[PDB]
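As structure tokens, one chain now follows by itself in the form deposited in one PDB entry.
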């Protein structure tokens, strides 16, 4: 039982085009006009099957790569993380590799983090929000704090000194400068692509070059950072990581967070400041108002369940990553239908999070809601490939919120909360809507 196919009106580009303008509405359209939402868009002549049903998510996450591999679809990353580094490494290694990062971003590895990140914020604002009140772009400053903060946590002083955040940021940016989201048909498209790499690849090298130097430098003198920790790692056979792979994993760490976290932090501030949500804002404050000026792990990790709620909804309502794809290397059965081998198969947070059965009044941002279908919230993916940085991210967000709101109040210079800008790789509030006003308490 092949799933319905939205008929293709213009031979080569219509869906890719139609999705670009309004994917949510587009996708829903197929759900709507084919009745049963396990449809199959065609993108480039690639049959693409979207699993639109919360109930049948489980089928999307669970099958192991040898049945549903992202290695094929995410190939575009390969210049960035490095040849053989991640999805470009056979699954024993990839799994091994990913597993090592995860172990660096575990809640154990956070003992000292909160003040570090809490610092950078108090530092940043003070430096960029001098006046009692002023006007700033929110997206950007969240963007600056996110990056800034991560570095404070995940990188050592020598290292931080040798390559400061701003430079990283530019470094990182050059790397997406490469990226082209063909992922839906992306794999095949790789014929002789222009060195979109050329800009980035240089960037990877410069990072690596640096990374070596600290290692060389550090060892001379006589250490627990992200770099330090990855080096200690050993594969199951018993080989260590090659700084090439080390450099890649670090890139992954900075890469995943940069937009998703920024967008998340931002939305969350955006919704909380808005006047509709006074109620929620007051709730937060009771939560955070007795927190000691100095902030420590426990306040954030343990004593902030609501705030977490707020972040999760923000992601739930407008998730940064619109969808997830796997390459079907074997025929598999989703509910009634069956999906061909060789059909790229995708699952979308953006859609499932607006299925009205599981998220009714999806556009209402309620931090206190709870999914009415399990695994409907997939903002951080699910099953095998669960996000491995989410705990870290949340940590970042919840701290920025407590710190910012605690000493500031914000006024949204737009009548309504912004509109999502879908014209980006990772989807966020529109940069222009984001103007926002701040008043030192």
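Residue numbers count along the first chain shown, from 1. Between two forms, the rigid core is the largest collection of C-alphas that superpose within 1.5 Å.
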- Query: Hey, does residue 92 drop out of the model in a third or more of the other PDB entries compared here?
  - Reply: no
- Message: For the other entries of this protein included in the comparison (both sides of the residue modelled), is residue 222 absent in a third of them or more?
- Response: yes
- According to the PDB record, deposited residues with no modelled atoms between residue 222 and residue 223 number 4 to 9
- 9 to 17 set against 424 to 432, stretch whose average Cα temperature factor tops the other in the entry: 9 to 17
- Could you check the entry and say whether 348 to 356 or 178 to 186 has the higher mean CA B-factor? 178 to 186
- Message: According to the Cα B-factor stored in this entry, which of the following is highest: 290, 213, 318, 366?
- Response: 290
- Note on the structure: Scanning 34, 378, 393, 402 for peak Cα temperature factor in the entry gives 34
- residue 91: which third of its chain by C-alpha temperature factor? highest
- Task: Looking at the entry's B-factor column for C-alpha atoms only, identify whether residue 109 ranks in the lowest, middle or highest third of its chain.
- Result: middle
- Query: By its CA B factor, does residue 398 count among the lowest, middle or highest third of the modelled residues in the chain?
  - Reply: lowest
- Item | Record-listed C-alpha B factor of residue 47: chain third | highest
- Message: Using the temperature factors of the C-alpha atoms in this entry, rank residue 158 within its chain: lowest, middle or highest third.
- Response: middle
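One more form of this protein should be noted, the form deposited in another entry, which is absent from this view; the next part is about it.
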- After the core is superposed, which of these residues, 189, 136, 169, 163, moves its CA 2 Å or more between the shown form and the other one? 189
- Flag for residue 23, CA shift 2 Å or larger between the shown form and the other one after aligning core: no
- Message: After superposing the rigid core, is the C-alpha displacement of residue 431 2 Å or more between the shown form and the other one?
- Response: no
- Note on the structure: The CA atoms of residue 11 and residue 424 move 3 Å or more in that other deposited form, ending up closer
